[PDB]
């Protein structure tokens, strides 16, 4: 996975999200002190390109451990999850709901069982919102995690 030199406009994307004209989900106000990640929709398998400190701390993973991976690794206490695999700890419909939303650039909000690096189970109230870059096309997805 490639990462933008000098980083991502996380604050600008938060503002874009808070200002979005027809919010389909209730997110409320958010900021950089929240558990959030940004994933790149135009790299293979939608890799994490940015993780906030609060995400790293909620999950127990380091920046080196998370960047460049699809976030589905959180769905197993091993951190090992193949795409299209049936999940042991998440129901199929929730997984499919997330995938379809992301593919359609549709906002979605789910509750999913996730696991910290130490294997501790937690319930993740997850909101994903697509984000337009400077071209005006949907390029990223910003995910907001709550425990």
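Residue numbers count along the first chain shown, from 1.
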For the higher mean C-alpha B factor in the entry, choose 127 to 135 or 15 to 23.
15 to 23
Stretch with the greater mean C-alpha B-factor as recorded in the entry, comparing 80 to 88 against 32 to 40
80 to 88
Member of 70, 114, 62, 105 with the greatest C-alpha B factor (per the PDB record):
62
How does the C-alpha B factor of residue 50 compare with the rest of the chain: lowest, middle or highest third?
lowest
What third of its chain, lowest, middle or highest, does the C-alpha temperature factor of residue 6 fall into?
highest
